[PDB]
$ cat input-v7.txt   # compact mmCIF, C-alpha atoms
# COMPACT_ATOMS: atom_id res chain seq x y z
CA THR E 1 27.47 35.07 40.06
CA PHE E 2 26.55 32.25 37.64
CA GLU E 3 22.84 32.77 37.10
CA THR E 4 21.10 29.46 36.38
CA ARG E 5 17.94 28.38 34.58
CA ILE E 6 15.74 25.28 34.52
CA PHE E 7 13.80 24.52 31.34
CA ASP E 8 10.60 22.52 31.07
CA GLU E 9 10.50 19.31 29.06
CA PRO E 10 9.53 19.96 25.42
CA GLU E 11 6.36 18.50 23.95
CA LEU E 12 6.12 16.58 20.68
CA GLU E 13 3.15 16.85 18.32
CA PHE E 14 1.29 13.65 17.44
CA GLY E 15 -1.65 13.08 15.12
CA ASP E 16 -5.12 14.66 15.42
CA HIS E 17 -3.78 17.89 16.99
CA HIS E 18 -2.54 16.09 20.11
CA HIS E 19 0.69 16.85 21.96
CA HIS E 20 2.56 15.04 24.74
CA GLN E 21 6.10 14.51 26.03
CA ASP E 22 6.32 10.69 25.91
CA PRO E 23 6.70 9.05 22.46
CA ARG E 24 5.31 5.76 23.80
CA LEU E 25 2.15 7.21 25.36
CA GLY E 26 1.52 9.86 22.70
CA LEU E 27 1.45 7.24 19.95
CA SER E 28 -0.87 4.87 21.84
CA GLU E 29 -3.72 7.37 22.26
CA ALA E 30 -3.49 9.61 19.17
CA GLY E 31 -1.75 7.65 16.40
CA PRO E 32 1.05 8.84 14.13
CA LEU E 33 1.30 12.39 12.84
CA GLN E 34 0.86 11.20 9.24
CA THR E 35 -1.59 8.33 8.78
CA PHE E 36 -0.91 5.58 6.26
CA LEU E 37 -3.45 5.31 3.44
CA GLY E 38 -3.96 1.56 3.47
CA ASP E 39 -4.03 -1.34 5.92
CA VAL E 40 -1.11 -3.61 4.98
CA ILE E 41 2.66 -3.15 5.21
CA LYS E 42 4.55 -6.02 3.58
CA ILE E 43 7.70 -7.48 5.16
CA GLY E 44 10.29 -9.70 3.48
CA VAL E 45 12.79 -11.99 5.23
CA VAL E 46 16.25 -13.12 4.09
CA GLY E 47 18.40 -15.55 6.03
CA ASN E 48 18.28 -19.05 7.45
CA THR C 1 -0.28 -29.53 -53.04
CA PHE C 2 0.59 -27.70 -49.82
CA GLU C 3 -0.24 -28.13 -46.13
CA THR C 4 -2.36 -25.80 -44.02
CA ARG C 5 -3.71 -25.53 -40.48
CA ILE C 6 -6.01 -23.30 -38.44
CA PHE C 7 -5.18 -22.74 -34.77
CA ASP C 8 -7.77 -21.91 -32.13
CA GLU C 9 -7.69 -18.61 -30.28
CA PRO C 10 -5.34 -18.96 -27.28
CA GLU C 11 -6.69 -18.58 -23.75
CA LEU C 12 -5.20 -16.28 -21.13
CA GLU C 13 -5.29 -17.14 -17.43
CA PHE C 14 -6.94 -14.64 -15.09
CA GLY C 15 -7.43 -14.81 -11.34
CA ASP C 16 -9.33 -17.48 -9.40
CA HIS C 17 -8.47 -20.24 -11.93
CA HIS C 18 -10.55 -18.62 -14.69
CA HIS C 19 -9.51 -18.61 -18.35
CA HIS C 20 -10.92 -16.60 -21.25
CA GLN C 21 -9.77 -15.26 -24.61
CA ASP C 22 -10.67 -11.60 -23.96
CA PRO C 23 -8.69 -9.42 -21.49
CA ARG C 24 -11.57 -6.96 -21.07
CA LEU C 25 -14.45 -9.31 -20.21
CA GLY C 26 -12.13 -11.71 -18.38
CA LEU C 27 -10.85 -8.91 -16.16
CA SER C 28 -14.43 -7.68 -15.75
CA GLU C 29 -15.77 -10.97 -14.38
CA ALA C 30 -12.73 -12.61 -12.72
CA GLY C 31 -10.11 -10.04 -11.72
CA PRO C 32 -6.33 -9.83 -11.98
CA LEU C 33 -4.06 -12.86 -11.73
CA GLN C 34 -2.09 -11.46 -8.78
CA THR C 35 -4.37 -9.50 -6.47
CA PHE C 36 -3.13 -6.35 -4.77
CA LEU C 37 -2.80 -6.93 -1.02
CA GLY C 38 -4.23 -3.63 0.13
CA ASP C 39 -7.07 -1.22 -0.50
CA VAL C 40 -5.82 1.93 -2.23
CA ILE C 41 -3.27 3.04 -4.82
CA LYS C 42 -1.91 6.58 -4.48
CA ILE C 43 -1.45 8.68 -7.63
CA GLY C 44 0.66 11.83 -7.84
CA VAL C 45 0.20 14.52 -10.50
CA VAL C 46 2.86 16.85 -11.90
CA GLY C 47 1.61 19.46 -14.34
CA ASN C 48 -0.29 22.67 -14.90
$ encode --input "input-v7.txt" --output "structure tokens"
Amino acid sequence: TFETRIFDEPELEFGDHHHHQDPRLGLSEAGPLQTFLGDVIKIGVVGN
Amino acid sequence: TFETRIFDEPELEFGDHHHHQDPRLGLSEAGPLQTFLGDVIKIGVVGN
């Protein structure tokens, strides 16, 4: 009667063939999956 | 009797407050007027 299951937490794939389950920690020790070619990202502001 | 004049060759303004009458040499020894804030420019190819 009412068979149950428990699944494990899935793992996300970060850059340099590294995988983890926390987006905060996996980014801070392996970088993004796709690396930006260049150093600068330009931001514009509109307002007061 | 008519009137006549001869104008000098106009000067273009390159980067770093440098002015010259030739785009090629002026770009070769001064650089562009507005420098690219970055390192690389990505080129995509569509063809055979």
$ calpha_fit_and_write --input "input-v7.txt" --fixed "chain C" --moving "chain E" --output "PDB file with C-alpha atoms, in the frame of the given file"
ATOM      1  CA  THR E   1       0.687 -29.210 -52.286  1.00  0.00           C
ATOM      2  CA  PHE E   2       0.873 -26.551 -49.538  1.00  0.00           C
ATOM      3  CA  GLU E   3      -0.921 -28.197 -46.640  1.00  0.00           C
ATOM      4  CA  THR E   4      -2.607 -25.590 -44.435  1.00  0.00           C
ATOM      5  CA  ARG E   5      -3.698 -25.386 -40.807  1.00  0.00           C
ATOM      6  CA  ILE E   6      -6.069 -23.220 -38.773  1.00  0.00           C
ATOM      7  CA  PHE E   7      -5.314 -22.716 -35.081  1.00  0.00           C
ATOM      8  CA  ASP E   8      -7.807 -21.880 -32.360  1.00  0.00           C
ATOM      9  CA  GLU E   9      -7.520 -18.640 -30.416  1.00  0.00           C
ATOM     10  CA  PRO E  10      -5.365 -19.065 -27.287  1.00  0.00           C
ATOM     11  CA  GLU E  11      -6.818 -18.555 -23.827  1.00  0.00           C
ATOM     12  CA  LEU E  12      -5.310 -16.391 -21.093  1.00  0.00           C
ATOM     13  CA  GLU E  13      -5.442 -17.305 -17.404  1.00  0.00           C
ATOM     14  CA  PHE E  14      -7.056 -14.818 -15.019  1.00  0.00           C
ATOM     15  CA  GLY E  15      -7.474 -14.944 -11.256  1.00  0.00           C
ATOM     16  CA  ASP E  16      -9.355 -17.615  -9.268  1.00  0.00           C
ATOM     17  CA  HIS E  17      -8.543 -20.399 -11.775  1.00  0.00           C
ATOM     18  CA  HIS E  18     -10.543 -18.740 -14.561  1.00  0.00           C
ATOM     19  CA  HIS E  19      -9.549 -18.629 -18.227  1.00  0.00           C
ATOM     20  CA  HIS E  20     -10.915 -16.704 -21.215  1.00  0.00           C
ATOM     21  CA  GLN E  21      -9.758 -15.209 -24.517  1.00  0.00           C
ATOM     22  CA  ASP E  22     -10.796 -11.557 -24.029  1.00  0.00           C
ATOM     23  CA  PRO E  23      -8.678  -9.422 -21.644  1.00  0.00           C
ATOM     24  CA  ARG E  24     -11.581  -7.003 -21.127  1.00  0.00           C
ATOM     25  CA  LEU E  25     -14.193  -9.625 -20.218  1.00  0.00           C
ATOM     26  CA  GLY E  26     -11.851 -11.937 -18.304  1.00  0.00           C
ATOM     27  CA  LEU E  27     -10.831  -9.135 -15.950  1.00  0.00           C
ATOM     28  CA  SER E  28     -14.405  -7.960 -15.301  1.00  0.00           C
ATOM     29  CA  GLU E  29     -15.674 -11.299 -13.965  1.00  0.00           C
ATOM     30  CA  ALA E  30     -12.622 -12.883 -12.293  1.00  0.00           C
ATOM     31  CA  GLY E  31     -10.227 -10.091 -11.288  1.00  0.00           C
ATOM     32  CA  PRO E  32      -6.473  -9.953 -11.835  1.00  0.00           C
ATOM     33  CA  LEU E  33      -4.239 -13.001 -11.626  1.00  0.00           C
ATOM     34  CA  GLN E  34      -2.384 -11.538  -8.628  1.00  0.00           C
ATOM     35  CA  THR E  35      -4.557  -9.614  -6.172  1.00  0.00           C
ATOM     36  CA  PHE E  36      -3.267  -6.473  -4.485  1.00  0.00           C
ATOM     37  CA  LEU E  37      -2.983  -6.676  -0.696  1.00  0.00           C
ATOM     38  CA  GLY E  38      -4.564  -3.353   0.188  1.00  0.00           C
ATOM     39  CA  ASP E  39      -7.284  -1.012  -1.053  1.00  0.00           C
ATOM     40  CA  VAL E  40      -5.530   2.208  -2.108  1.00  0.00           C
ATOM     41  CA  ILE E  41      -3.157   3.003  -4.975  1.00  0.00           C
ATOM     42  CA  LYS E  42      -1.768   6.536  -4.739  1.00  0.00           C
ATOM     43  CA  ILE E  43      -1.368   8.728  -7.835  1.00  0.00           C
ATOM     44  CA  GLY E  44       0.714  11.894  -8.149  1.00  0.00           C
ATOM     45  CA  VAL E  45       0.310  14.620 -10.788  1.00  0.00           C
ATOM     46  CA  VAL E  46       2.922  16.985 -12.248  1.00  0.00           C
ATOM     47  CA  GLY E  47       2.118  19.698 -14.754  1.00  0.00           C
ATOM     48  CA  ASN E  48      -0.109  22.725 -15.152  1.00  0.00           C
TER      49      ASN E  48
END
$ interface_residues --input "input-v7.txt" --of "chain C" --to "chain E" --cutoff "12 Å" --atoms "only C-alpha atoms" --output "list in words"
residues 36, 37, 38, 39, 40, 41, 42 and 43 of chain C
$ write_last_selection --input "input-v7.txt" --atoms "C-alpha atoms" --output "mmCIF file, in the frame of the given file"
data_model
loop_
_atom_site.group_PDB
_atom_site.id
_atom_site.type_symbol
_atom_site.label_atom_id
_atom_site.label_comp_id
_atom_site.auth_asym_id
_atom_site.auth_seq_id
_atom_site.Cartn_x
_atom_site.Cartn_y
_atom_site.Cartn_z
ATOM 1 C CA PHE C 36 -3.130 -6.350 -4.770
ATOM 2 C CA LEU C 37 -2.800 -6.930 -1.020
ATOM 3 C CA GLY C 38 -4.230 -3.630 0.130
ATOM 4 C CA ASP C 39 -7.070 -1.220 -0.500
ATOM 5 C CA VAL C 40 -5.820 1.930 -2.230
ATOM 6 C CA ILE C 41 -3.270 3.040 -4.820
ATOM 7 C CA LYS C 42 -1.910 6.580 -4.480
ATOM 8 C CA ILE C 43 -1.450 8.680 -7.630
#
$ residues_around --input "input-v7.txt" --residues "region 6-23 of chain E" --least-positions-apart "4" --cutoff "9 Å" --atoms "only C-alpha atoms" --output "count of residues only"
8
$ atom_distance --input "input-v7.txt" --atom1 "CA of residue 24 (chain C)" --atom2 "CA of residue 5 (chain C)"
28.0 Å
